[PDB]
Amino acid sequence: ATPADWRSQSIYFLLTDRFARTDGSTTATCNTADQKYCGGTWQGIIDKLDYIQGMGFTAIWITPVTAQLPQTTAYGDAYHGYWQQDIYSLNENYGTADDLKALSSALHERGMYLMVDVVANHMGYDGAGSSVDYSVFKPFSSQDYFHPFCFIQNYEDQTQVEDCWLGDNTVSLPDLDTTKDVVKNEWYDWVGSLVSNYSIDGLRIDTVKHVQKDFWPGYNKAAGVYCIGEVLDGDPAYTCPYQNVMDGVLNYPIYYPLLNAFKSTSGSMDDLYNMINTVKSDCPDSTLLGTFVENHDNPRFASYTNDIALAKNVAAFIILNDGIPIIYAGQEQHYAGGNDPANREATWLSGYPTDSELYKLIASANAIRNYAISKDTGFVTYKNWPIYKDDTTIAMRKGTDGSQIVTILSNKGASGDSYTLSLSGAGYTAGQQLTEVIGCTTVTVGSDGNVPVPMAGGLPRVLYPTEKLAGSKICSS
């Protein structure tokens, strides 16, 4: 698929080893602290697609598929897939090439896209950087294809961040010399060949900031699909520019104030407010970025607060903000693991309850989003923008006039009081009836143009014109 095709997508991010086993067990042991392969496979994913698609997701992003280092390191196995050694072979732990082909097929059949996580920055190796036997890596079987050995000590030195190695002497990550044309051509031919042999619709590019920019354009072109990269920095000035060399990047600029705004009933609505506008103007295209508040490199949201209402609100923001929504497997089951490895819990251990509170919130949010796009070709391109905010609230508006979705979020929490917010600025016609598609209730725009929104239980409210819902099966009553 193309970037344009992706704008309208909703991503469910999962770790192949931790989503679903071929047998389907929901009790098979997976101690995150052991950092060992727990059994997740590609076939396991196919068997649980109903579960995923049932939340309104239109795509999935799975971790890297290349063959990893074999050893169980002092830090566990390469179950996460970021320690590759043979790029022309697949991690047999997940299955065969036929399984991977069958996975994308099952998806394309459901009208869903398949996004694959790929690493061009490094290989993995069990041991000190001085003991690396380069012949092990394929095709890059020589030390020349790599940068001289050194560990990145000063992350403020970009050249270092790009020329030195990640990891340490326990588990080092041999750093490829992405300036040598032999490397680039190999990587460009590989990625193109990869997307082709597995019918991949888009790519999530790992450690994008550790590889020099002039490498990414050709990679993105060779991929022949949409590429969203991981530039691990919350500074929009440093992160957004990468979209000039790659179709999109993960929205880490929004991530931090987003998390802080809803992780407690005293979060800063201001910071989120302003980051939204800053990104909207400074970033090449906010509608091509990826929104999230939870992933495998940060404590899960629930680790900060177990408040279900706050969880609903942050999840609602992720789905309604500009760009592509990205939910990390387990988030919908209120998982609360902390920093890696604690945040790589197996999804199956939850029992895949399709009636959990966040599973429903997400379904409802994705439903209205998916519907709106189906009737408004300008939605995905309409820059979300905040129309209101107070110490515990923020409201935004997105979508062509007459068909806009107006989202009201609150960090008051589950014990939030009940009151009426007179929302101004929504832009709906006076007297028009609206449907709050999360709780499925209506509200009528006042004569003055303001919308009396009933606030309670610190719940998120999402408005859309009731008349526009004619036909759909959103809030059938």
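Sequential numbering from 1, following the sequence displayed.
- In this entry, 191-199 has the higher mean Cα B-factor, the comparison being between 122-130 and 191-199.
- Once the C-alpha B-factors are averaged per stretch, 435-443 and 43-51 rank with 43-51 first.
- Within the listed group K398, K209, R204, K375, the record reports its top CA B-factor for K375.
- Per the deposited coordinates, the residue with the largest Cα temperature factor out of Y155, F301, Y273, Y328 is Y155.
- In the PDB entry, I228 places in the middle third of its chain by CA B-factor.
- When the CA B factors of the chain's modelled residues are split into thirds, the value for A20 lands in the middle one.
- Among the modelled residues of its chain, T72 has a C-alpha B-factor that falls in the lowest third, as given in the PDB entry.
- In the deposited entry, the Cα temperature factor of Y382 places it in the highest third of its chain's modelled residues.
- The PDB entry assigns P253 a C-alpha temperature factor belonging to the lowest third of its chain's modelled residues.
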